[PDB]
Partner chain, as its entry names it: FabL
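Here's a solo chain for you in structure tokens, the form deposited without the partner chain.
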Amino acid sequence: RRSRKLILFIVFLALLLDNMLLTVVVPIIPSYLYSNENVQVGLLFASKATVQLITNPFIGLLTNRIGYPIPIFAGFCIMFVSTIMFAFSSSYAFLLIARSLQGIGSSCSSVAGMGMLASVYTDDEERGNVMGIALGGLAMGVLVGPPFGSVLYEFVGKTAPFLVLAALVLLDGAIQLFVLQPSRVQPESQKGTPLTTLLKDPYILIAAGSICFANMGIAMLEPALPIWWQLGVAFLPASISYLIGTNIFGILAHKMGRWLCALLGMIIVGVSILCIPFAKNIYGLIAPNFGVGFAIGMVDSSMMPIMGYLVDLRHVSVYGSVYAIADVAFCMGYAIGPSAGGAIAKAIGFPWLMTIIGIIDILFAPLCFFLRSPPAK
């Protein structure tokens, strides 16, 4: 009733449905907008990520205090509510409210799920493979969001995508209730490491910063696009590379040494974003997006297991707070990317900002090298 494969499949389907509900509202954004960079789409991107950043550490403490399954089930009882709220959203305020709920549900699911994955798969290699599979599920969600949403919303109606996603969610929630059975509390054995200590560390800082700055590029590029069939096939070149990269490096990273794969993933992000401006909409902006996605997938699949590795090598073997920190770093892009990046743009323009990002990415790339051999304690 607790085989590792089942929990891995849980986290897979969790991140898949979460990101599908995330990106399925894209064909529904203009239908609430019209009724450079955008401000309203910026707020739609912001609110959820900001609430996720607000709620990640508190979830990382809740899991250590009552267990993982109850957080995961709270996530899957929230997402089912946010989906219905979406399905019954007319104005802008209700849209933002539903997005923030969805954000709390996401934060919950992602943090507690990565924590359970690191807690079950105790060994390394297998944990690398497992994190790769989970991020591949996330990628599959990002891929299957836009086209599914577009086709349904354009075929039968605008409520149907949200309601079908609600049904899929409910099925996922039932599966999870069968596999995990959170009907009883279960606190972890050891007292978790104080978050202040985990944050004072250099190495977790370096890994989290690498994730954050490898995500910031594609986080600032998207909410400022020529859009808002160019809407459904908008985010295909990014996700079709994210998946192919993560579900290949998750299994072939430890053999090379993550430190090398992380450095290469940051370099590739940099060289892709730097070349973004040399493009047009249909012909140009595709291939650089593919490079960006492949590289950020490499970086994510290389840096997600390291977090648990660092904690096992230098702290008490608990996985909640550290993966909450990793998720905070990953999602900080979409909170300070649209608004602050939008202001930087409207001051200087996007053909300049992307270069700046590329510079900071190429500078932060060799800083991963200090993830070669962290001295234990």
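Numbering follows the first chain given and starts at 1. Only the largest set of C-alpha atoms that superpose within 1.5 Å between the two forms is called the rigid core.
In what follows, reference is made to the form deposited with the partner chain bound, a form of this protein that is not presented.
The shortest heavy atom separation between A208 and the partner chain in the entry with it bound exceeds 4.5 Å.
Contact check for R1: a non-hydrogen atom falls within 4.5 Å of the partner chain in the entry with it bound.
Looking at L274, you'd find every heavy atom of it more than 4.5 angstroms from the partner chain in the entry with it bound. Contact annotation for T122: at least one heavy atom lies within 4.5 Å of the partner chain in the entry with it bound. Comparing 299-307, 215-223, 125-133, 84-92 against the partner chain in the entry with it bound, the single stretch with non-hydrogen atoms within 4.5 angstroms of it is 125-133.
Taking the core as reference between the shown form and the other one, the lone member of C77, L205, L285, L163 whose Cα moves by 2 Å or more is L285. After superposition on the rigid core, displacement of the C-alpha of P223 between the shown form and the other one amounts to 2 Å or more.
For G67, a C-alpha deviation below 2 angstroms is recorded between the shown form and the other one after rigid-core alignment. Superposition of the core reveals a Cα shift of 2 Å or more for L236 between the shown form and the other one.
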